[PDB]
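Remarks on the overall topology
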Amino acid sequence: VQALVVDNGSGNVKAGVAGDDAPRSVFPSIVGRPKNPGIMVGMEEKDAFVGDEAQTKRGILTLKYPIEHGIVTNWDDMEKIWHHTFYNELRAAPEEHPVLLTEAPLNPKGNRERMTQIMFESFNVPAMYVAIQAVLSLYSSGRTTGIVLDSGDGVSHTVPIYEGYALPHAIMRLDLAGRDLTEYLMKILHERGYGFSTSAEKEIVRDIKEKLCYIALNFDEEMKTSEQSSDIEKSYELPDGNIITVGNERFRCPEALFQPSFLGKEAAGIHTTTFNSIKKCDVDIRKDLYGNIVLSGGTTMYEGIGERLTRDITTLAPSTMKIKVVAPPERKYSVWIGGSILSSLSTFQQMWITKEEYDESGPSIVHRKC
Amino acid sequence: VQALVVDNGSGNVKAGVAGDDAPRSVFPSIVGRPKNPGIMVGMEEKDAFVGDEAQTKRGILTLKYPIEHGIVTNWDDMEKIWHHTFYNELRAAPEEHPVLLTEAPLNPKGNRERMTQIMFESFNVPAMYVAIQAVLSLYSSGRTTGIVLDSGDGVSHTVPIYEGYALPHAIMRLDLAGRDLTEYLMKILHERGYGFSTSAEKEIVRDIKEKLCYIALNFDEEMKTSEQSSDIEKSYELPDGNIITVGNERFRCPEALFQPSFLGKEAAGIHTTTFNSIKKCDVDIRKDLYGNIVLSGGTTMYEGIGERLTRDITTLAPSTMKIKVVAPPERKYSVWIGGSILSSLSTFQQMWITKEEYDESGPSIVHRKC
Amino acid sequence: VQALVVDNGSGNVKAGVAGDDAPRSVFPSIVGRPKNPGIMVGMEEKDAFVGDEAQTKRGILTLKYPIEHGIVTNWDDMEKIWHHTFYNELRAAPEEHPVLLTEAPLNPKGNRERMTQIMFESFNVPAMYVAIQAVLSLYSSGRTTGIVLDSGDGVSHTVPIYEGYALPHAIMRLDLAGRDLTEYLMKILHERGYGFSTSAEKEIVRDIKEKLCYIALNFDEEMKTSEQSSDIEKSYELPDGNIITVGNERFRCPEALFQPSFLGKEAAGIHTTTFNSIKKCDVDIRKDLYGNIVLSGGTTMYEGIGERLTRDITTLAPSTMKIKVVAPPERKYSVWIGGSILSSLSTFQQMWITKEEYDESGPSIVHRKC
Amino acid sequence: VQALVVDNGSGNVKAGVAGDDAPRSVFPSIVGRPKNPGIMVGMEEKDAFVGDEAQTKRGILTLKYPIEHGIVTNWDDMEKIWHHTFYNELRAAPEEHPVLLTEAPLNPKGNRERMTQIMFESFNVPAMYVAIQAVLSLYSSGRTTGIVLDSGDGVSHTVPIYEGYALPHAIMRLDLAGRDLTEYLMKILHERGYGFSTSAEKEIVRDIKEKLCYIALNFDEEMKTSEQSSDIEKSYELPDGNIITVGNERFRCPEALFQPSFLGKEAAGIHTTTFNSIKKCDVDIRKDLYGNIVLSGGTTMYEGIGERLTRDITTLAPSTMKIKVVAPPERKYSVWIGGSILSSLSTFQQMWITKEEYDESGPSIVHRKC
Amino acid sequence: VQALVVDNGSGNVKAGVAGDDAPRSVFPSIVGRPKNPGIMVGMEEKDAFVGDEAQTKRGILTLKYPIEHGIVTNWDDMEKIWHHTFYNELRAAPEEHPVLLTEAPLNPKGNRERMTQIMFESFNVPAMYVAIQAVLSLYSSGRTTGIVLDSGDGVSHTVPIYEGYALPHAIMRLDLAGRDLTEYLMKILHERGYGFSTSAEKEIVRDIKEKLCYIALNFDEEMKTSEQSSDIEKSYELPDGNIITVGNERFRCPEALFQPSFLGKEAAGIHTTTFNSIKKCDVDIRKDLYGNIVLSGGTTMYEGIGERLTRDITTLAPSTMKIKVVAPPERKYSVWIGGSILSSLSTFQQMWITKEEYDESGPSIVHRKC
Ligand SMILES: C/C1=C\[C@H](C)C[C@H](C)OC(=O)C[C@H](c2ccc(O)cc2)NC(=O)[C@@H](Cc2c(Br)[nH]c3ccccc23)N(C)C(=O)[C@H](C)NC(=O)[C@@H](C)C1
Ligand SMILES: Nc1ncnc2c1ncn2[C@@H]1O[C@H](COP(=O)(O)OP(=O)(O)O)[C@@H](O)[C@H]1O
Ligand SMILES: Nc1ncnc2c1ncn2[C@@H]1O[C@H](COP(=O)(O)OP(=O)(O)O)[C@@H](O)[C@H]1O
Ligand SMILES: Nc1ncnc2c1ncn2[C@@H]1O[C@H](COP(=O)(O)OP(=O)(O)O)[C@@H](O)[C@H]1O
Ligand SMILES: Nc1ncnc2c1ncn2[C@@H]1O[C@H](COP(=O)(O)OP(=O)(O)O)[C@@H](O)[C@H]1O
Ligand SMILES: Nc1ncnc2c1ncn2[C@@H]1O[C@H](COP(=O)(O)OP(=O)(O)O)[C@@H](O)[C@H]1O
Ligand SMILES: [Mg+2]
Ligand SMILES: [Mg+2]
Ligand SMILES: [Mg+2]
Ligand SMILES: [Mg+2]
Ligand SMILES: [Mg+2]
């Protein structure tokens with residue numbers, strides 16, 4: 001009767017037991033291995049730190065994110081992360097509860113198969129189910145129709161849905177996300193004379209990004225508006241104590257989402273992946289889709305994304321239709337909350353993958369029940 | 001179960017058995033050889049005096065320190081010194097106890113290899129271990145994080161550490177120490193008309209240094225404040241009975257630490273070796289390092305070093321951070337006490353270099369277990 | 001019709017007028033200030049020596065490199081250096097010729113802006129242009145496609161190019177260079193009992209590095225091959241006349257390039273910055289890039305770098321492709337020669353920044369024409 | 001336009017007006033006071049004889065050298081000596097000319113301050129300047145680089161210089177000089193049955209020293225070579241008319257310079273003060289220093305010092321370097337001649353201490369202009 | 001097992017066999033030759049009288065002291081004296097016992113060499129050794145540290161020693177002694193109308209000196225205190241029976257020791273030879289030396305020497321130190337007693353010069369074993 005909800009992002013792990021309004025444990029997904037040798041006798045090594053503990057001391061550690069673009073690169077690392085979750089933070093047993101793992105649309109079969117296989121074989125779990133992040137956000141928004149476009153560090157989905165039915169041919173993933181905007185925010189931040197070559201320093205960047213970055217209404221405008229610089233430059237204060245001052249970098253760093261040309265990729269921006277994901281949907285549901293666009297996931301937390309996205313689509317799609325982007329407060333957790341509502345539904349209880357069914361049917365069954 | 005702790009300095013040897021709060025035998029490391037021929041029949045020659053005995057009669061002897069800048073120049077002399085330690089003062093056997101020898105960071109391999117080799121082959125010892133002085137002081141300070149900057153007659157280390165892990169690339173040694181401040185205090189003391197050309201006389205100087213020397217808050221200030229001389233000149237009274245009076249020499253002798261330009265070396269002073277040793281450490285631990293700086297070793301006993309060092313770093317490093325130099329009472333022994341705490345730890349017992357392991361693995365193994 | 005080519009390195013300044021096959025003046029970039037006071041009456045002070053003159057007498061001087069990691073730390077010093085170039089060595093006037101200054105990729109805007117500003121305002125120059133070092137080396141190699149990875153004392157670039165087009169997102173700079181391998185060669189050389197604390201002595205080291213250092217094929221092999229030491233130890237003879245003998249230090253000093261772990265930085269080595277700089281390039285040009293890798297800059301002069309780099313990439317990248325590192329003879333000047341060929345091209349004459357255009361458009365225009 | 005050069009030695013005063021190739025007046029610095037009462041009526045008392053006059057009649061007088069180890073013991077005596085110089089021998093006025101006084105390195109401030117003070121206040125002089133003897137010898141040698149090691153009766157300097165710059169930390173003074181070799185030549189001469197208890201007799205000794213003393217190539221050799229005595233014993237003929245014969249005393253008297261052990265002092269000999277004064281100089285200038293060693297001052301006039309010093313250093317310093325000791329003819333005056341060349345230089349005229357500047361700035365200014 | 005101790009003074013010969021507390025034979029060293037011809041038939045001529053016998057009849061004899069200032073002037077005479085010792089008074093054989101001869105510091109080699117040579121060749125002795133008088137007195141005083149300043153008729157030594165080690169450079173001999181105070185006491189005694197031109201009469205003087213002479217506390221005082229003469233004039237009664245009365249001569253005769261100016265020599269007095277002999281000793285032992293000064297030898301027997309010497313040194317040396325002159329009772333024999341204690345020591349037996357070693361090694365060996 002208690003469903004255990006773990007949504008594995010890239011660069012966050014949000015885990016809380018079902019029925020709560022906000023997740024218990026929110027900690028970045030990081031596996032630190034101390035680079036230099038330990039000296040002081042009596043210290044507890046704990047060879048590989050994990051999660052928040054390992055982001056409290058980042059000066060000693062070489063951090064490796066195990067998830068890059070929503071696809072596990074290194075399993076040992078992830079497995080260790082989950083272990084940290086269930087034991088050190090959720091404080092729930094593996095064998096007692098069913099758990100809900102979350103996954104990205106169009107994600108290689110390898111992640112499903114090997115993900116569950118690692119859940120049943122190494123951990124022991126009674127039942128399991130892995131749902132597309134996008135759709136889960138839609139439960140949270142509590143409405144039955146709309147595009148759900150989320151962007152987490154790894155991946156950015158656009159999954160349209162019409163009145164409860166999902167469109168498998170419309171789904172569209174772009175790879176511009178939080179970690180490409182940080183790994184970009186360095187290439188730009190060099191311009192000012194600052195420079196960050198190291199992992200720990202990359203996370204310092206990520207903080208800069210979260211605090212000081214906004215998205216311009218019209219970028220061509222603001223690039224001119226910054227010639228005369230008054231309140232645009234905000235002073236960020238490092239863990240060091242040195243005082244940085246970031247210029248244009250504030251609004252040209254997050255803009256990479258709308259123009260990927262900057263990052264160098266040939267993909268289309270967010271506005272043309274939303275709009276395009278619609279244009280693949282039949283001409284009859286476009287009304288509802290244009291109406292219900294729901295932002296989700298962290299990367300869209302930037303101040304003023306709603307306005308820019310709306311105006312931009314409106315420019316793209318015919319003027320007759322009203323475009324409304326619903327940007328709910330506390331959307332950073334939308335995927336998780338959707339995990340709660342979903343896992344708490346009385347009819348949903350039929351769909352869990354069962355310890356038995358896995359045992360007899362092999363790990364490949366995951367593909368059939370998703 | 002009794003660990004024997006010998007910390008070999010340059011110009012002191014502090015030896016006491018583990019578990020004591022202060023070392024049993026503290027005597028300068030000196031090998032006197034009487035220069036003139038002995039006459040009185042029945043006198044006991046004991047050709048080469050050692051330690052305190054040889055500093056009670058310094059008029060007959062030509063003293064030779066066997067350690068110059070923490071690196072053994074002449075082995076026979078040192079070997080003789082240790083011999084004096086274990087037999088005439090510690091009163092412990094060599095073969096009964098394990099002994100802990102202490103060494104300077106970035107110290108030529110020769111001193112490790114040949115040091116142990118002389119411990120196992122000529123003396124017979126069951127087990128042995130040689131630890132960096134800096135880190136040992138940090139156990140004594142009982143805190144797990146901070147810069148430990150010591151200066152003994154030979155050498156001055158800055159070894160930062162963060163939460164039990166040591167940073168091998170940060171370590172920084174400067175060669176300004178007690179013996180360069182005495183050998184300088186002569187070049188200055190000549191200015192007053194006094195002059196000391198001889199070894200014995202050099203030690204007289206060292207006494208002058210210990211008693212009458214303080215470190216100015218702001219040197220440029222005091223050089224002016226001494227134009228009108230009231231209480232600055234203190235009268236020191238020699239073994240001779242003649243009465244010296246030392247002028248500015250009091251505060252411009254120990255200042256050489258902060259400005260090496262005076263001694264002539266091109267190295268940076270103490271404040272820029274501390275601050276620089278930090279700047280090589282990652283931007284994430286700087287908080288803790290700036291906070292926990294621990295003075296250690298004799299040469300920092302000068303009255304008022306804390307204030308000057310703090311203000312000086314604070315001037316160097318960004319003003320936002322609080323700098324606190326912990327100058328514990330009885331820091332002259334910090335390295336030794338750290339020898340006690342360390343050697344008394346239950347987990348440490350695994351690390352000793354074993355008579356066997358040396359016998360089979362050759363003397364080179366020292367480098368692997370330090 | 002005569003273009004004046006000055007490529008500002010860190011620790012060298014290579015200046016020669018266009019059309020020559022090798023640069024006229026090659027002298028280290030050093031600003032000496034004599035530390036002690038001058039005595040002999042009638043001597044010509046010339047307060048701050050510069051370049052080769054100041055490396056003929058390094059015993060009196062405290063040397064300060066004005067360029068650290070390709071980014072001017074202290075302008076007065078550099079300005080003085082150039083002055084020394086144009087007047088005392090190139091023997092060309094500033095106002096007569098256009099000059100070509102060279103710069104490092106991803107280099108803070110400050111160096112461009114202030115560099116030209118100092119060229120037009122203090123010196124007077126008719127026209128000016130500042131090109132990325134990497135690309136300039138590629139003209140010299142006379143081929144239109146390849147990675148150009150150079151390492152000068154300050155910086156090491158990897159700038160890929162495909163058939164005349166440059167990839168701005170692929171560029172990758174690492175900070176391991178000649179001066180980190182010298183400043184490291186001390187930390188290691190201490191191990192043998194030698195030690196160099198002073199600037200002048202650092203340059204002595206740099207000589208040791210240039211003459212006696214080679215790069216191992218497989219390092220793990222040679223670390224074993226040195227247990228039995230025959231021809232590995234080479235005897236270097238100081239300006240003093242004392243005879244040093246360097247051990248392993250020969251091949252473990254330059255290896256820091258391939259493993260930065262030694263220096264302590266968390267960056268990837270040279271092989272993974274080359275290989276990684278490729279992996280950011282589209283899958284279609286990889287053929288040409290893997291084929292045409294061009295070593296450049298001084299730091300790669302080490303005997304046997306070609307073999308190690310090739311085998312190492314080959315291990316990294318799929319075996320099907322042939323990797324060929326072109327290591328042209330006289331690659332130390334590749335950047336300069338590229339300065340000659342480039343500045344001598346008939347179409348290039350359109351791109352110079354003009355005295356006028358600077359006067360009206362402010363110093364910021366540099367960013368637009370590079 | 002005529003500079004007056006007085007170099008105050010211990011046991012000589014060499015005074016001549018600038019521009020001459022050799023000094024006008026050379027007379028020993030001695031203040032005789034007739035011990036017994038005068039009888040013959042009409043004799044001119046002139047209570048205290050001075051200089052050569054007082055060494056023509058030494059039987060009546062008790063001689064007191066006012067300079068002992070280059071530091072004025074008794075001022076009245078010296079003041080009287082100078083007076084004798086300017087009036088009775090130089091025949092120049094005090095008030096007409098600027099005068100150049102000479103002083104020993106590391107000499108107590110008292111001698112500078114009180115020396116000038118006695119020059120401006122009691123004598124009246126327009127301008128004055130006091131230069132280190134060592135450096136002045138170096139002008140005379142006309143070369144810009146080398147160790148200048150002089151030994152006058154009082155003091156023996158080693159002052160290295162590199163290409164016009166002086167090294168203040170290298171300077172090294174030893175106290176073995178002409179007067180310790182005479183006061184020693186008595187302790188040895190007693191061995192033969194001769195003995196000299198009185199001042200006048202001490203000067204007789206000094207003559208013996210000057211005429212009959214040479215320095216052995218290898219002392220241990222000659223101590224054996226004197227067992228069979230042929231030409232080693234030379235017969236000296238006193239003012240008395242009695243005929244002395246001096247044995248080994250010839251070469252073991254001046255050897256005290258190379259071994260101070262004989263005199264009893266703990267200082268190092270001349271060879272280790274030269275060689276050591278080098279070893280304190282940076283490793284870059286050692287070439288030039290080893291090359292240019294310049295003997296100077298009287299005490300080095302001994303026949304065959306060049307050979308012994310050279311071979312001895314060569315034994316000390318690495319064999320690769322050529323050691324050359326330049327022992328110019330007429331080196332007894334080197335300090336003076338250097339006084340001439342220096343005082344005659346057109347740029348030097350700026351440095352004189354001025355009657356005015358002294359009047360306003362107090363006598364302490366001497367320390368600032370030296 | 002019986003050591004024969006002969007201490008040859010100038011004007012005494014103190015000979016007694018080892019182990020006695022006071023010497024057996026004490027007789028003046030005099031060789032009388034009767035001047036006039038003998039007449040009475042049957043008288044025993046014994047051409048040259050010696051010692052006490054020759055001082056019982058001094059009217060017939062012309063006395064010649066063979067020792068003048070501790071250096072044998074005439075050998076035949078001395079040889080005869082010893083002969084008188086061993087046969088007529090010690091009553092010991094030459095060949096049976098080893099003998100200890102005593103000598104003055106800084107004494108011409110001639111006296112050592114020829115002294116032993118006369119002991120082994122003419123007399124036959126099994127073993128021999130010749131020790132410095134000063135040091136021997138120090139055994140007698142039974143303390144291991146102090147200045148030993150003795151004055152016998154010939155010579156006055158100051159030989160400092162520190163804790164068993166002797167300082168060869170400190171030794172200092174002055175020639176003011178008993179025989180210069182007698183030969184002076186005549187020049188003064190003439191003043192009163194008495195006069196002694198002849199040898200025998202000189203010895204009468206010496207008696208006057210011994211009995212009636214004291215040393216003033218402050219001489220300038222007493223020269224005034226004698227204007228009113230009460231108890232100062234003491235009446236001495238000659239062998240003649242005539243009654244002398246000596247005036248000031250009492251205290252101005254022995255004062256010549258403290259002021260040699262009177263005798264005419266240029267040497268310093270006793271107080272400045274003690275104090276100066278200290279000042280040549282290192283600044284570290286001065287404490288002990290100032291403390292332990294030991295008077296010795298006859299000439300210091302004068303009533304009240306202790307007080308004057310102490311106050312006088314105290315005036316010379318810094319007031320902080322306590323000066324104590326130990327003037328042991330029966331110090332006239334101190335040198336001899338020291339001969340007993342020394343010769344009776346069990347370890348001393350190794351040092352004797354052996355009949356053999358002399359036979360093979362020639363007489364020169366004496367110099368090596370002293
Ligand atoms: C406390 C001491 C001494 C005294 C009791 C202290 C008092 C205070 O000195 C004086 O006032 C005397 C005078 C002096 C002369 C002039 C003057 O304006 C001030 C002082 N100074 C001298 O004669 C120098 C001579 C000297 C020799 Br050689 N080479 C040297 C090298 C450099 C400097 C000087 C010298 N001098 C006394 C010595 O070195 C002796 C060997 N010093 C000592 O070992 C100890 C006992 C130190
Ligand atoms: N308050 C914020 N403002 C701006 N960006 C943010 C903020 N919080 C997080 N981010 C960005 O979003 C990322 C977190 O996304 P997340 O919700 O974890 O996606 P996922 O759950 O799919 O990993 C962070 O790494 C950061 O780049
Ligand atoms: N009380 C004091 N005041 C000032 N300086 C001191 C004092 N005690 C010792 N020193 C200086 O410190 C030195 C002792 O340093 P030490 O603790 O022995 O270092 P190490 O143990 O590394 O040799 C002495 O030689 C002296 O120069
Ligand atoms: N012959 C050589 N062998 C090995 N290393 C060399 C050699 N010559 C130069 N170097 C290294 O390369 C550096 C010179 O690089 P340089 O070509 O000046 O780069 P930049 O022009 O970017 O400064 C030197 O400082 C030295 O460290
Ligand atoms: N011809 C000579 N041979 C040997 N020694 C000499 C000779 N002439 C002088 N001396 C020694 O050198 C001393 C003179 O040194 P001097 O040049 O006066 O030095 P300073 O000028 O510093 O006093 C003399 O006292 C004597 O001891
Ligand atoms: N009682 C005395 N009072 C004063 N002076 C004395 C006394 N006895 C001896 N002397 C002096 O001391 C001398 C004896 O000295 P002595 O002890 O023989 O010295 P040494 O043994 O070296 O010859 C005598 O010649 C005399 O001048
Ligand atoms: Mg997400
Ligand atoms: Mg220490
Ligand atoms: Mg370059
Ligand atoms: Mg001289
Ligand atoms: Mg005697």
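Residues numbered from 1 in each chain as written, not as in the entry; some residues may be left out. Chains lettered and ligands numbered in written order. Heavy atoms only, no water.

Method of determination for the deposited model, per the PDB record: cryo-EM, at 3.80 Å resolution.

1. Considering the nonpolar core
Rules: Side-chain atoms within 4.5 Å are what join buried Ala, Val, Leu, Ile, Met, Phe, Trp, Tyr and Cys residues into a set we call a nonpolar core. Categorising residues by exposure relies on relative accessible area from a 1.4 Å probe, with only protein chains included: less than 20% of the type maximum marks a residue as buried, more than 50% marks it as exposed, and the intermediate range marks it as partly exposed. Secondary structure elements follow DSSP: runs of H or I no shorter than four residues count as helices, runs of E no shorter than two count as strands, and numbering proceeds from the N terminus. Every residue pair with non-hydrogen atoms within 4.5 Å of one another is taken to be in contact.
Grouped together as the largest cluster of nonpolar side chains are 55 residues, with contacts concentrated most on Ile208(D), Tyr290(D) and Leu309(D). Of all the secondary-structure elements, those providing two or more residues to this core are β6 (61–64) of chain C together with α5 (178–189), α6 (199–212), β17 (243–246), α9 (270–279), α10 (286–292) and α11 (305–316) of chain D. The biggest single contributor to this core is α5(D), with 6 residues. Beyond its immediate chain neighbours, meaning those up to four positions away, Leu309(D) contacts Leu149(D), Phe258(D), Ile270(D), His271(D), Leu295(D) and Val325(D). Within the second largest apolar cluster, 54 residues are counted, among which are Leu61(B), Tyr165(E), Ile208(E) and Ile270(E).

2. Things to note about the environment of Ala131(D)
Residue and element names in this part refer to chain D. Note that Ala131 resides in strand β10 (residues 127–132). Considering only alpha carbons, one finds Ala131 and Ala104, 27 residues apart in sequence, at a separation of 8.2 Å. For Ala131, the contacting residues outside a window of four places in its chain are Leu101, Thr102, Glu103 and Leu136.

3. What to know about the pattern of salt bridges
How we decide: Whenever a carboxyl oxygen of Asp or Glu lies within 4 Å of a side-chain nitrogen of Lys or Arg, that contact is scored as a salt bridge.
Using the criterion set out here, one finds 71 salt bridges over all chains in the structure. The residue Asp77(C) makes a salt bridge to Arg33(C) at a minimum N-O spacing of 2.5 Å. Here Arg33(C) lies in strand β4 (residues 31–34) and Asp77(C) lies in helix α2 (residues 75–90), a separation of 44 residues in the sequence. A salt bridge links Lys265(D) to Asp180(D), with the shortest nitrogen-to-oxygen separation between them at 2.8 Å. Note that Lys265(D) is positioned in the loop between α8 (249–252) and α9 and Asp180(D) in helix α5, a separation of 85 residues in sequence.

4. Here's the deal with the relation of the copies chain B and chain C
Operational definition: The fit that places the copies together is a least-squares one on their C-alpha atoms.
Of the transformation placing chain B onto chain C, the axial shift is 27 Å and the rotation is 167°, giving an RMSD of 0.0 Å. Taken as a fraction of all interface residues of chain B, those also at the interface in chain C reach only 12%, which identifies the copy contact as different-surface.

5. With respect to empty space enclosed by the protein
Rolled over the atoms, a probe sized like a water molecule indicates the empty space that remains. All names here are of chain A. Worth spelling out the cut-off: Lining residues are defined by having an atom within 4 Å of a point belonging to a cavity or pocket. Those points lie on a 1 Å grid over the protein atoms alone, cavities being sets where a 1.4 Å probe fits but cannot get out and pockets being open sets with protein on both sides within 12 Å along at least five of seven lines. Grid points are joined across faces, edges and corners, and a volume is the space filled by probe spheres set on the points.
Tallying each qualifying case throughout the model produces 12 cavities of 30 Å³ or more. Taken together, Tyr65, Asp153, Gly178, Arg179, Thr182, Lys202, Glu203, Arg206 and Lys209 make up the lining of the largest cavity. Elements with a contribution of two residues or more to the lining of the largest cavity: α5 (178–189) and α6 (199–212). If one sorts the elements of the lining of the largest cavity by residue count, α6 sits on top with 4 residues.

6. A short note on the sheet that holds strand β1 (residues 4–8) of chain C
Residue and element names in this part refer to chain C. Applied cut-off: Here a strand pair is declared whenever DSSP counts at least two bridges between the two strands.
A sheet is described by the order of its strands in space; here 6 strands give the open sequence β3-β2-β1-β9-β10-β19, paired in mixed fashion. Looking at which strands have only one partner, the edges of the open sheet turn out to be β3 (25–27) and β19 (353–354). Of the strand pairs in this sheet, strand β10 (residues 127–132) and β19 are connected by 2 bridges, and their pairing is antiparallel. Paired with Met128 across the strands is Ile353, a residue of β19.

7. Considering the UniProt feature "binding site: ATP" in chain A
Residues and elements named next belong to chain A. Just so we agree on the cut-off: UniProt positions are given in the numbering used here, feature names are shortened, and annotations may be inferred rather than shown by experiment.
The residues that UniProt annotates with the feature "binding site: ATP" are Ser10, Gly11, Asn12, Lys14, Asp153, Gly154, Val155, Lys209, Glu210 and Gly298. Cross-referencing the annotated residues with the lining of the largest cavity gives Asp153 and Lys209. Counting through the fold element by element, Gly11 comes out in the loop between β1 (4–8) and β2 (13–17). Discounting chain neighbours no more than four positions away, the residues touching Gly11 are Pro28, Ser29, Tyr65, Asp153 and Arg206.

8. Details of unusual backbone geometry
Residues and elements named next belong to chain A. A positive phi angle, close to 45°, is found at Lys46, a residue other than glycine. Within the secondary structure, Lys46 is located in the loop between β4 (31–34) and β5 (49–50). In this structure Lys46 comes out as partly exposed when scored by relative accessible area, which is 41%. Located in the positive-phi region is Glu330, a residue other than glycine, with phi close to 60°. Along the polypeptide, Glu330 turns up in the loop between α11 (305–316) and α12 (334–343). Here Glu330 falls in the exposed class, since its relative accessible area comes to 63%.

9. Overview of the site of ligand 3
Residues and elements named next belong to chain B. Quick note on the threshold: One heavy atom within 4 Å of a molecule or strand makes the whole residue count as near it. Whenever two N or O atoms come within 3.5 Å, that pair is a polar contact, provided that in protein one can donate a hydrogen and the other can accept it, and provided that, for residues adjacent in sequence, both atoms are side-chain atoms. Using the Shrake-Rupley algorithm and a 1.4 Å probe, accessible areas are obtained, with residue cover drawn only from the displayed protein chains. Put simply, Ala, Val, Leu, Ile, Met, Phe, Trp, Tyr, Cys and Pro go in the nonpolar bin, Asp, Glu, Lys and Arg in the charged bin, and everything else, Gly too, in the polar bin.
Of all residues adjacent to ligand 3, which total 15 residues, the nearest are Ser10, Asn12, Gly152, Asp153 and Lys209. Between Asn12 and ligand 3, the recorded distance is 2.7 Å, taken from a side-chain N or O atom to an oxygen atom. In the environment of ligand 3, an oxygen atom lies 2.5 Å from a nitrogen or oxygen atom belonging to the side chain of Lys209. Computed on the free molecule, ligand 3 has an accessible area of 570 Å², of which 87% lies beneath the protein chains in the complex. With 3 residues, the top contributor of residues to the shell around ligand 3 is helix α6 (residues 199–212). For the shell around ligand 3, the class distribution of residues is 2 nonpolar, 7 polar and 6 charged.

10. Thoughts on the site of ligand 4
Residue and element names in this part refer to chain C. Surveying the vicinity of ligand 4 reveals 15 residues, the closest of which are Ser10, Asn12, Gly152, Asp153 and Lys209. In the environment of ligand 4, an oxygen atom lies 2.6 Å from a nitrogen or oxygen atom belonging to the side chain of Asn12. Residue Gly298 places a main-chain N or O atom 3.1 Å away from an oxygen atom belonging to ligand 4. The dominant element in the shell around ligand 4, judged by the number of residues it contributes, is helix α6 (residues 199–212), at 3 residues. Counted by class, the shell around ligand 4 contains 2 nonpolar, 7 polar and 6 charged residues.

11. Focus on the packing of aromatic side chains
Test applied: Pairing of aromatic rings covers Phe, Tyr and the six-membered ring of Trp, with a centre-to-centre limit of 6.5 Å; geometry is then stacked below 30 degrees between planes, edge-to-face above 60, and tilted otherwise.
All told, the structure shown has 35 aromatic pairs over all chains when counted by the stated rule. Aromatic pair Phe219(B) and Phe251(B): ring centres 5.7 Å apart, planes at 70°, arrangement edge-to-face. In this pair, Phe219(B) sits in helix α7 (residues 219–225) while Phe251(B) sits in helix α8 (residues 249–252), placing the two residues 32 residues apart along the sequence. For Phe219(B), a relative accessible area of 10% gives the class buried. A relative accessible area of 0% places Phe251(B) in the buried class. Ring centres 4.8 Å apart and planes at 10° place the aromatic pair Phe120(D) and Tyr358(D) in the stacked group. Here the residue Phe120(D) occupies a position in helix α3 (residues 109–120), and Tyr358(D) occupies one in helix α13 (residues 355–361), the gap between them amounting to 238 residues.

12. Considerations on the interface of chain A and chain B
Much of the literature gives interface size as the accessible area that the parts lose upon coming together. Filter applied, for reference: The buried area of a pairing is the accessible area, by a 1.4 Å probe, that goes missing from both parts when the two are put together, added over both.
Taken together, the 25 residues of chain A in the interface contact 28 residues of chain B. Interface area for chain A against chain B, summed over the two sides, is near 2,300 Å², with a carbon-plus-sulfur share of 64%. Contact with chain B buries area across many residues of chain A, yet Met40(A), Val41(A) and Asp240(A) alone supply 30% of it, more than any other trio. In this assembly, chain A and chain B are joined by 3 salt bridges. One salt bridge in this structure joins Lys57(A) and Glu163(B), with 2.7 Å as the shortest N-O distance. For the interface between chain A and chain B, the tally reads 5 residue pairs in polar contact.

13. Brief notes about the domain arrangement of chain A
Residues and elements named next belong to chain A. Condition: Domain start and end points were adopted from an automatic or database domain assignment.
If you check the domain split of chain A, you get domain 1 (1–133 + 335–369), domain 2 (134–175 + 268–334) and domain 3 (176–267). For domain 1 versus domain 3, the distance between C-alpha centres works out to 31 Å. Each partner contributes residues to the interface: domain 1 has 9 residues there, and domain 3 has 8 residues. Surface buried jointly by domain 1 and domain 3 totals about 820 Å² across both partners, of which 43% is contributed by carbon and sulfur atoms. Between domain 1 and domain 3 we count 1 salt bridge in total. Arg58 is paired through a salt bridge with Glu203; the nearest N and O atoms lie 3.5 Å apart. Here domain 1 is connected to domain 3 by 4 residue pairs in polar contact.

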